[PDB]
Structure formats: structure tokens, C-alpha cells
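Following: one structure in C-alpha cells, then a few remarks.
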Amino acid sequence: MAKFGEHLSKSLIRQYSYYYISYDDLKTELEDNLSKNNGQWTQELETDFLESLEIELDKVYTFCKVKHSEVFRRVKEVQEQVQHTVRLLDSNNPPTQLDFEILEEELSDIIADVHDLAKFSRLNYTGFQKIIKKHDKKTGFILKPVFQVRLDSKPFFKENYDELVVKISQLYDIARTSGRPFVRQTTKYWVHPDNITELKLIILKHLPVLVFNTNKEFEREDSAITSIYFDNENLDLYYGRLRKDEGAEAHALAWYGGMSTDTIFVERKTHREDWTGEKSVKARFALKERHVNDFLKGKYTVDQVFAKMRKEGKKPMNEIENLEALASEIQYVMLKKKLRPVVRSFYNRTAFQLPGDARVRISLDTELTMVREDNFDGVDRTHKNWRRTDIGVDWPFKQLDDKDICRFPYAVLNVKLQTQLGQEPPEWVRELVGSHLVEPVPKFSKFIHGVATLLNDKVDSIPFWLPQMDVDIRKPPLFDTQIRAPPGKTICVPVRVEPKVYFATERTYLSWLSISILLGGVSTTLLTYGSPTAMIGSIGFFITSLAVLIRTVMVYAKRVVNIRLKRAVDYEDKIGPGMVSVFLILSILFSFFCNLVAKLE
Amino acid sequence: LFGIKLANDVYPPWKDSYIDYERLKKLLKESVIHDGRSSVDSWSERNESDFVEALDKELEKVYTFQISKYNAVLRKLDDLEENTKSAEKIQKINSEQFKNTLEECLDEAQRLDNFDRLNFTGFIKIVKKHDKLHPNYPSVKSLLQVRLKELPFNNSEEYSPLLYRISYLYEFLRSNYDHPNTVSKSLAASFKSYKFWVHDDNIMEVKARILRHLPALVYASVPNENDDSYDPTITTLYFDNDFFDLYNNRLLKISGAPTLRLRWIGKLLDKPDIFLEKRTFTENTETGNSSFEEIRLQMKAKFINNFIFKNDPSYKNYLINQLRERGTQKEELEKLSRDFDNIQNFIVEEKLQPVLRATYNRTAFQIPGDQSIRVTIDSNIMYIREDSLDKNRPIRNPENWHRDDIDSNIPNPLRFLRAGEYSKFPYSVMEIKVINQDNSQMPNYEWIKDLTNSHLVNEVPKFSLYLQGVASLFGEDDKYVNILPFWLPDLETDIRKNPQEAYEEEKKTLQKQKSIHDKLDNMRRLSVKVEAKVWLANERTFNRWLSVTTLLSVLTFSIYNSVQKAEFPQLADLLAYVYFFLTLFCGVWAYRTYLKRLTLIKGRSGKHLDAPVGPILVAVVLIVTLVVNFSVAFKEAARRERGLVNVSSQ
Amino acid sequence: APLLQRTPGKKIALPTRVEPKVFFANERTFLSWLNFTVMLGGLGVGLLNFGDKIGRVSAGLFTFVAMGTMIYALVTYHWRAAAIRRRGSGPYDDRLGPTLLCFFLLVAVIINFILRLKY
Amino acid sequence: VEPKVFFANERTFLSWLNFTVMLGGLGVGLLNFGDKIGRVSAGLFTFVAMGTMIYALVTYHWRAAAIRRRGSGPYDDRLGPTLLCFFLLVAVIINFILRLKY
Amino acid sequence: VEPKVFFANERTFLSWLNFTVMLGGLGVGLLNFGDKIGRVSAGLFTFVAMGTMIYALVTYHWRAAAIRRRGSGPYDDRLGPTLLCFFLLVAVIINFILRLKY
């Protein structure tokens, strides 16, 4: 797949690049020395290679010690600063959210440095072991004992960095609790099953695995995530999410694990938008399964949902009121719009992320199926229940009818990057997302895909990826406008407009308007001051001015209306220039012709 | 008291050579019995010297017998193997003679194994007792350990080479003819488990060698009601009865011996999930694996007492009804009911009750979706005595399933423990599981082979947390435990090894075992920017609005100052008025929308940065003004053309 | 396909972003040349409809320049639009155009000066 | 070093010179073709145009020095358009009422 | 080919050409309709317009050639705009002085 030197070159951030082991250099030296001596090894070659190894080991040990001391100093200083900040809360000037967020940012930087340093030390130890194994395998001399003693005498790897991560996470939690009153980029990719394992292995060389099990076992049902989505009979919310509207809501009841889980998360996603950009606000609260049905009927009052949360008192009142307002809004929307379960989105998610480090997070969702929950065809799939009890998490649901289930053929890779300004995403991520193992499909939605595939007969507007599900996305290791919407179901792609266009659309308007004024300035001048023969040319200039004004008004009213509603705007003007040129030239001809005919006729 | 067990388990022909454990117990207790009314230097140097002499005689006799019969049966096996060559002699092998020899050899090997087991238990007990009652005098563990080192077979709970040779020779005899079969006493997706003790100083290195191949698993808490400790402490409360039947059966390698425990994480005050787990390892002669079966039930702390003490089948019905209301399928409920009945009957028949608690931290390495290799390291292992065997002063209430002493809100409950109620395990425990589903050899797992033979670990075959806990907490008491694990005389020594000696003295064992394995194989084969840009755009748009305003003003004042010279002064004055109002509106609207958009850019909120009302009204007003001017210039005020009148005639 | 294009090395056709700046540059260039044309044509028609004999004769000297720059603006705008619709580019075609138009405008101005001062 | 910013500065100067040319053209036309009352409207308009051109020249020179030395920084250009809008409105109103009065 | 610098240079030349054409048109309007003083002022304004026209054209060609050679053009424009503003001011004041005198 890749050689170790490439792995070292790929795992650096230009700060540990120079100080990595020169694995390629040692390998080349060993191979060349073996070749030059006719495959043989002697004591002088052994001493030379040992000198090279000792120089590399001293460099690595020195850099590791320097970084270890620096990280300890930073941890001590930030711990003292956090303690002082906590103490200052009793003073007459609280440190406030700015100071607390500065502390949080510094703690995040320390976590990143600790993780990078631990990875660097581990990779260097791996390289040393590989070099020693290659040596005592290729030649007839054994170097494992002596170099093991040297490595023990310079132990850049015997450093427990887990304690540092625990301490910095504790400091971060304390800062977040006591303070409570970068650029983020998330992308979605399709992974063919044949390319799954390899892909997974790559992510396993850079990030650990989150296990939702107390015994750290990989049980079948632990990774299962299920989510029921809610819609009207008219699929109002599906169109609202497809056409990215302001206030577009997505209501779901999700849960984790098998169907013995008694905590169902009521979630709402709201699409907010300003000229700055589009954002999604997610708000969810946990509700005991037993009451979920009643909560959907209005029989379970919001105060009953958060009665014990207030009774315990281990929750700030601001959070309690926020959750109460969220629950009230969700229940009111469900009762008003008459929402019903439509699609269940089941999948198994494997999450890779370093503890306390949010720079790179990866979620691989496999076995993604979407089951039909609604009764729009007259078949009662959910017998007065918020979910279908005919199926659980028993993939691939062999008991379902073929019409009710859409088994998504690929897996979904969700890459979330949180990169502070001034740096860039790590190299391994960059070559992971641009390799042949993934197929970038931005804005893929499991709810939209499920509704479009299962309720296709009731849908007259489909996402862009739907008519492309038969495309083979496998690519060899290293322009298409024929994607036509099916008959009667137009592909919907909302078009977002750059803020500067909002002024450019105005700019040209004024640039036209002024010109029309000039033409009007002529047309009036030849009417109120012009002689009766000048009114003849004023006729043409008047026609030209009116045409220019009307064209300008209609063009830019249409442009404003189409920049709203997120419609595609044709920015090429193929009528205005030619029309104004012809009209102006003909007006000048008409004026000159009138004067000349007055002269000669 | 293990003296009665020694007497009852006396093999008469060897009756002389058993440890006289009662006699050593009497020399130890003579300091209390003798001079019962004078506690002044009861244990003098002469008493210590006599005790060491007696221990020396007992060690010499017992282990001389053990080595003598070990070598004698080895000679018998050599005489049986001398026929494993010279194919002509192989064809002449008498099956009955070989069968009888193998039968006698395996019976003798089993007898020697029992001999060593009880005698080792007795010697360990007496050594620990002497160490405990006499701390001011030197430890007698050294002599026992030295005599253990003077043994041609390392006692580490693995099957002795006797049985390996017996199985080989049975296979050879069956390969020869297998016509009269053999006796029933012949003993032969597979997986294999390795267990190591790792010193703390080596931990950080060892994990590295694991993290090269396997990713580390990070415990992520399942989202719960609060989702609108970095790494927990796993606690396992192991059950057992009064006679310690489960411990004895698991220590004696009886196939199907189960272990029952209650497992959770964190503190019980949090109300964590509690799992009652029955774990069983089965190893049948006809099989070639160690099939593992685990039956777990998620219990509730309210129902545990009645479930495990009163034999109340109410929690079963409660959980089944709850899960059925949650929609759980009928087959899952049937399996759950079967598990409930099985565990309840097991507890009731075996009369089990919580015995000891073990708390540790678990780190796991495994590739997701790949069961081929798993590594598990348990650190910070601590055992707490939770038994109710002391009738006068029970450690925990016999009607309660856990100790209330160490489960309170006091933030150091561990002070409640007294001497003998707790024990800390000094080394980390590593378990490597290899699921060899295929029947072939090991598919490129040489790093496990490196770790196992490395200086960084100490392999302890058949190790178990439960067995070690029982040995450390209840082993010193003869009233409860009468058998001890063979790995006990290894915790006291330093398991660390010299890295240079890894290929000077650790390669001694490494290459000895390597020569053993290759010779075995051989013989078997023989067998921001956006904000700034938009701000500038707003500036320029205001500039262009001012330009349009200036143009309209120029037109306005040009016609206003010449209205008198116009052919139609009334129309010119009306045009000047209209254009003056247009200029005023253009200026005021330009400034107003400039301010509004500036507020929107600095206050970065707002759906759109457009304002079509002003442009539209300006343009329509210009159109209306031009049309009105044309009409007045060609109607009543300037009547020359009602319809189409003007022609090319002036 | 509502603006669905496939990137060179991938298999799924994704929505593509069109850049209106390219069209806006063409519009602005044409509008600048149209300001030239409108102002010169207004001067010409004003001279023709309100000037004396000399002014009436000299009105053509600016009308012709206005027509030349209008034709040049339309032709250049359409050619640039055709270029951007396929590949773009084409900057090395507006050197002799502006120079010739400035030369003709200066010649017309000097000719107007000559008929004004001489007569 | 950066032609684009220099060209933008010159384009801004010429954009202000557009206002100067329009207002000064109206003023000069009134001066050479107007009556007595129009000839002071001419003076007011040409004063506004003169101020606009002088402000444009000073701002152009200052911005040229700034771009030559440091680079960028157009965030301080807010007062000029505001004063120009105010002066345009007040001059237009004053001239209109002065012509209407007489 | 990167004609961004060329396009910016063309935009600057077109702004200069807007200014010069507006000045020339207003001067020609002053010529054919004004009196002797009006004609003198028209001559001055047309001189300014045509001088700035030639300046802008020559500078545009030179800047394009230098961009082709190096990528940047002459930037001695701390004088050009200054002289243009100066001559505009002198022309307006001369017209006003002639009008006041007569």
C-alpha cells in the first residue's frame, strides 16, 4: 500500500518533518554497503551503520526531550492560569467568556501538540525496530541486543502521554463548566464496498476508534444508529430540506444500539441563512421511550418531560428553559403539521477521532438502509406507534418487502475538519479525500435520499445524485451534462449567490440607467426645445430611451427575484447590447434623414 | 483445614513422601502453644533454625521424589519412542504393549500432577504463614523458589510434557494400525489466548509494539439523558459458594467450569449499567478449540438482591414485559428468558453469592470488524474481599449483594478496608486473542511471536484475574481455599529482563523453545476578506448612486435655467420640477440604503443585501416623465399629430 | 442537468458554480464603450439640430465616430462573449481599436476647430 | 509591484473626477449662457465641483503614498461620499429655491 | 496567459477615456454655441481634454508594453493627475475672470 518513508512523510506537519528517523537513508546505506562488498558484512560496515543509527537516535531523543519539556511547561502554566481564572470568579471583575474561551483554545492546542508528539515518538520507535530487523535479517550479524540497550539508554518512547491528555481534558472540562453562564469543513464521500477495508486501514494508522462498550468490545448492535424521520402526507418538510429554505426543519427520533434502548433523542435541524452564509442548527433532547408516543400526541406535557431535570437541580436554568422551549416548539409543529413517520435510516457508524482533539474526525457509516414507515399507500406499517416494530437492527432486514426498503449500495465517509487559521489539514487527510477510494458527494442526505427512493411516486423533485445511482464509482489507482431528470421529476439544486453579486446586479442597473438618462436627456431636449423637424429625430431617441429603460427594469427585477428563491440566473446579456446598438444607430439615422430630407425635398 | 484434605487424598504407596504439613504447622504454632503464660521471645533463633531445617528436609524429600519419578517416566517414554524409527521395527510394534505402557504412563503422570499440586499448595501455605507470623526473621520463600528452579520442568499451569509425549505416542500408535482402537483414557474456528505479566517500566514500550499493528480503542460514553471521566474503572464482583467449587473447578481445568460475575464501570452511586455474566470455556477431546460461551443479563440494582438471594423470578417477568413493550422481537425475548432461567438455576443449585471484587482499567487494541487479533491490557488491578463466610462478623450483609462500606459518598471509601481485606496486583495483565478460523498456520502474525518471546513480557499460562484474586485474598486461610495456582511463586521476584540479555539469557529460553518446536515439527514430519470586499462594494455602489444623482441634477438645472427659452415653458417647468424631485429622492435614498447596508455588513445578519424598491421607482418615474413629455409635446399644448399625421413635408 | 458537471478525475456529476465576474467584465467594458457612443451621438445630434451651418456639417464628424465606436463595442462584446462561453481569453485585440477611435475623435475635434476659426 | 491596486486608486480618482466634470460642466454652462440669477448658481455649482476635485486629488495622493509604503487599507474612506451627498443636496436645494424666488 | 493586469490597465484607460470624452464633448458644445469668451474657454477645456487623451493613450500603450516585458507599468502618476487638476482649475478660473471682466 505504502512504504514506511512515505508514511513518515505523510504523518508530519512540517514541525516534526526534519526530526523523523531517516528510515530511507538508513535503508539505502545498508543496501548500498551490502552491494558494494558482494553481499557481505564486516566489522567496519557494522561500526559505520551503528554510527548512523546512533546519530539518528540522538537527534530523535533530543527533539523528543525538548518537546516534552516544552509541553510540560505549557501544561503547568495553563493549569496555573486556569486555577487563577476560576479564583477570579469571586472577584469584582469576572474573567468572562473571552478569557474562558482563550483558555479552552490554549488547552486544545496543548492536546494537539501532545497527540502529535506521542505519534511522532511511536513512529520513530517503529522505524528503529524496522531498521534493526532488516539489519539482522539481511546480514549475518545480530544488532538487536546492543541497539535495544541503546534505545533503553535513550528512551524517547517510554513517555506516558495519556496522563497529559487526561489532565488537559480535565482542565478543558473545568474551564467549560466555570465559563458557562478556526474554519470547520465537513464533507461526505461515497465508498465502494471493495474499497472499504483499505480505506478503513488508512484511517486506523492516524486515528483511534471510539467504542460504545464498557468492556471495549465490538458487539454487533453497539454501532447501530437508527433514526425515524417525520413528514406530512404532502412531504412539506422533504421539499423544505431539498429546497434549502429559511427555517427548513427536519424532525427525527433517533436512538443508538439495539431496540432495547429506552432513550430516544428527539432532534430538530433548522436551516438558517444570511448573506454571510448558510448554517444548520441542531437541537435535540432525550426522552424516555415509554412516553414518546404520548409526547407525539400532546398527552405528555413539556413540563412532564423536564420535571425530574428541574427536581434534581443539576442543570442550569438557562439550559432547562432552552430545552423546554425546544420541546414546546417540536410538539407544536408535530401537532400542527400532522407529522407522521416516513423513513427509517439505519446504519452502523464507526467513529475515528483522537481524544480531546477535534482537528480531524471521521465517521464511516456502513450497511445503510432506509425503510418505509409511512402509510401513504394505505398500508399501516406503524400500528399506532412512532416506529416500525416489525424490524429492529437486524440488518439486512430479510423480512421486509422489496418496495419498503432501499439498501444503499455504498458506505458514507463523513470527514469533519476543524483547522485553525494559519495551518492546513494534515497530508494524510488530503490524500485520503482525493484518492481513488472515495467519491465526493457533497450535501448527501439520508433523509432526502430515503424519501426520494422510497416515495418516488409521490415526489416531483429529486436530488442530483438520484439518477446517478447506477454509475460505477470505482476508479483505477493513482465533464458530464448527460444527467437528465426522469420524466416528471425535476432535479432540484438550490443556487447560492455570492454577496458581492448583490451589488453587481445593482451596478449594471445604474450603468444602464445613467445611459438611459442621457438618451432621455436628448429626447426631452429635442421635444421641449427642438424645432418641429427635430421632433422627428426625437421620435427615434424617445423609442430608444424607453426600450433601454424597460429592458433594464425587467432584467434587473428578474435578476433580483431569481437571486432570491435560489434560482439559476443567466448572467449573460445577449439582447441588451445588440438592441441598444441597433436602436441608437437607427435613431441617429432617422434624425439625419429627417434633416437631409428637409434640406433636399 | 487442608490437613484433612491431605490425609484423605493420601495415595498409600507414596504416603511417606507427602509434606508433613501438620508438623510444620505445629512448629509454627509452638510459639503460641508453648509458654502460653510467658510471651517473651517465644520465637528464638533456635526455633527459626529448626524450622528452616525442617523445611529443607521436606523440600528435599518431596522434590527428590518428584524429579525421580519424572525422570523414570521419561525413561519409560524414551523406551517407548525407541520404536518410533526403523520402519521394519515400527511394523513389528505390538499394539497391546504400547497401549498398556501409555496407560500406565498417563496414570502415573496424573498421579504426579496431583502430588505436585497438593504438595506445592502446602509448601506455599506454610511459607506464607511463616512469613506472616514472623516478619522480624528472614523469609523462607527463597528456599522454596530455589528448589522450584531446581526442576527440569517449569510449573506454570501448562500441561506437563508428559501428556504432550503421551498424546504424540497415542497418535503414532493410531497412525500405525488403529485396528483395536485404544483405551478411553487417551487424550488428544479455533482460537488461542496468551496471557502475560508486564512490568510497569515496560508498559509504554509494549503498547508501542502493539500500536504499530492494531489501533487503540477509545471508550466513548453512549449518549443519554444528559446528552441534550476519561477512562472508567471496570469493577467485577465474582460469585462463589462456601466450598469454593467454581474456583477449584476452574483451577483444575475441568471442561465447562463457569465463572459468574457482576460487571459495571464507575461508581454505583451514578447508577451505571450492571451486567450479570456467566462465562464458560469448553474443551472437548474430539474438538480442537476452546469455545467460549458468555451469557449476560442487564440487571437493575433494585432487583439484584431478590434475584440472587431470595430466588425471586420477578425481575425476569419485569424485564421481559418492559422489552416487549419496547417492541423487542419474540425470539430475543425467548433467548432472554432462557438465559434468566439458566443463570437463576445455576445460582440456586450451586448456592452462589458475591465473593470478591476486582477493579481495574482496561485498554483494548483491535481492528474494527476484524476479529483476527485482539490485545487487552488490565492495569491498576485491586482485589477487595466481599465474602460473607465469617459468620460472626460478615464482611458484607448476607442479604445484600455488595459492600456498603466502599460504596458511600465519602470520597476515600478505601480507608474502610483493613489488613487482609484487599490486595493490589503489581503487574499489568495482557491477554492476546488470536481467532484462527482457518485450519492453516499463523498468517503473518510474527509481531505476536516477537512480543511473546520478548524481554518485555512474562507469559503466565492459564492465568485468570478471578483465580489470582482468590489466591491472594483467601489462599492463606485453610478453612476456605485448599488449592493454589502454580504462578504464585512468581509475583515476589522481579519479572524484568535485561535488554542486552534478551539475546544472551532470554534468547537462552527463546532458542531452547525454538529448538524444541522445530524438533517437534521435524519428528512429526518424520512420523474577514468577504466582509472587506462587500464593504468596498457598498462604497462603490453608493458612489454610482451619487453619479446618477449628479446626472439627474445636471439635467434638472439645465432645463430649469432655460425654461424661458424653451418652446413650451409650462412643460419645461413641469419637467424641471419632476427631475428636481427625482434628484432629491435619488440622493436621500442612496444615503439611506448606504446606511442600511453598512449596518447589515457590520451587524453581519440579514438574508439579502438588495433594495429594488428605489431602482424600480426611479426607473418607472423616468419612463412616466419621458412619456408625459412626449405626449405634451405632441398633444393639446403642442397639437400637431393626433394619430399618424406628420409626414415628410415639414 | 441544472449545472451538473463532472470533475476531470471523478465519476459523480456534482453541481458546479458559475462565476458571474466573467460576464460582468464584458458588460462593464461594453457599457463604458456605450457611454462613449451615447455622449458622442448626443453631441452630434445636438449640433445637427441646433447648430449653424458649420455646426451642422461638423455634426457628422462626431456622428461617424459614434457609429464606429458603437460597431466596435458590439463586435468586441459579442466576440468576447463567444470566447468566454467556450474557453475565454482574447485580450490582444483592443490595441489598434481604441487608438484608431481616439485618432478619429481627435481629428474630428481639430476639424471642428478649423471650420469654427476659419469661418 | 502590484499594478492592480494602483489602477484601482486611479479609477477611484477618475470616479470622483466624474462628479467634478458633471458639476463643473453645469456650472460653466450656466456661467457662459445664464442670466444674472443663474450666474450665481453657476458659482455655487463650480464651487462644489472645485471642492470635489480638490478632495479627489488629496485623497488620491494620500492613498498613493499609503499603497506605496504599506499596502491596502481602504477602510477609512467613509466621510467623503457622505459630505458629497450632503453638499449635492444642499446645493441643489439652494439653487432651486434661489431661481424660484427671483 | 494572465490578462488580469491587462484587463485592469484597459479599465483604467477606459476610465481616463470617459473623463476625456466628457470634457471634449462639453468643450465642443461650448465652441459651437458660445461667444468669444465662451470660445476661448472652450479652447482651453478642449486643450485639457485632448492633452489628457493623448497622455492616457500613450500611458496605456506604455503600460501594456511594460506589463508584457516585466508585468508592471510606469507609476509616475503622482504628476499626471496633479497637472490635469491644475489645468482644469486654471481653465475654470480663467473663464470666470473673463466673464467678470466683460
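Chains: A, B, C, D and E, in written order; residue numbering restarts at 1 for each.
We take it that contacts are C-beta pairs under 8 Å (C-beta built on N, C-alpha and C of every residue); 3 or more make two chains touch, one makes a residue touch a chain.
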Between C-E and A-B, the pair with more C-beta contacts: A-B
For chain C paired with chain E, centre-to-centre distance based on mean C-alpha positions, whole Å: 19
CA centroid of chain A to CA centroid of chain C, Å: 46
Chain B and chain D: spacing of chain centres that average the CA atoms, whole Å: 79
Whole-Å separation of chain centres (CA-atom averages), chain A against chain D: 49
Contacts with two or more other chains, residues of chain C listed in rising order: 28, 35, 39, 42, 46, 50
Contacts with 2+ other chains: residues of chain A: 504, 507, 511, 514, 518, 521, 529-531, 533
Residues within chain B bordering two or more other chains: 547, 551
Chain order around the ring, beginning at chain C and proceeding next to chain E: C, E, D, B, A
In the complex with chain D, residue positions of chain B that touch it: 532, 535-536, 539, 542-543, 546-547, 549-551, 553-554, 556-558, 560-561, 580, 583-584, 587-588, 590-591, 594
Chain A contact footprint on chain C (complex, rising order): 1-6, 8-15, 18, 20, 23-24, 27-28, 30-31, 34-35, 37-39, 41-42, 44-46, 48-50, 56, 60, 63, 66-67, 70-71, 73-74, 77-78, 81, 85
Contact set on chain E toward chain D in their complex: 4-5, 8-9, 11-12, 15-16, 18-19, 22-23, 26, 29-30, 33-35, 37-38, 41, 45, 63, 67, 71-73, 75, 77-78, 81-82, 85, 88-89, 92, 95-96, 99
Sites on chain B touched by chain A in the complex: 201, 203-205, 208-209, 211-212, 215-228, 230-232, 234, 263-265, 273, 275, 298, 322-323, 325-329, 362-364, 366-369, 371, 376, 455, 499-504, 530, 533-534, 537-538, 540-541, 544-545, 547-548, 551-552, 555, 559, 562, 565-568, 571-572, 575, 600, 604-610, 612, 615-616, 618-620, 622-623, 625-627, 629-630, 633-634, 640, 646, 648-650
Complex contact set, residues of chain A against chain B: 122, 125-126, 129, 142, 144-146, 148-149, 151-152, 157-160, 165-166, 169-170, 197, 200-201, 204-205, 207-218, 246, 256-257, 259-260, 262-263, 265, 273-276, 284-286, 289-290, 309, 319, 323, 350-351, 353, 355, 385, 387, 389, 392, 394, 499-500, 502-507, 509-511, 513-514, 516-518, 520-521, 523-524, 527-533, 535-536, 538, 542, 545-546, 549-550, 552-553, 556-557, 560, 563-564, 597-598, 601
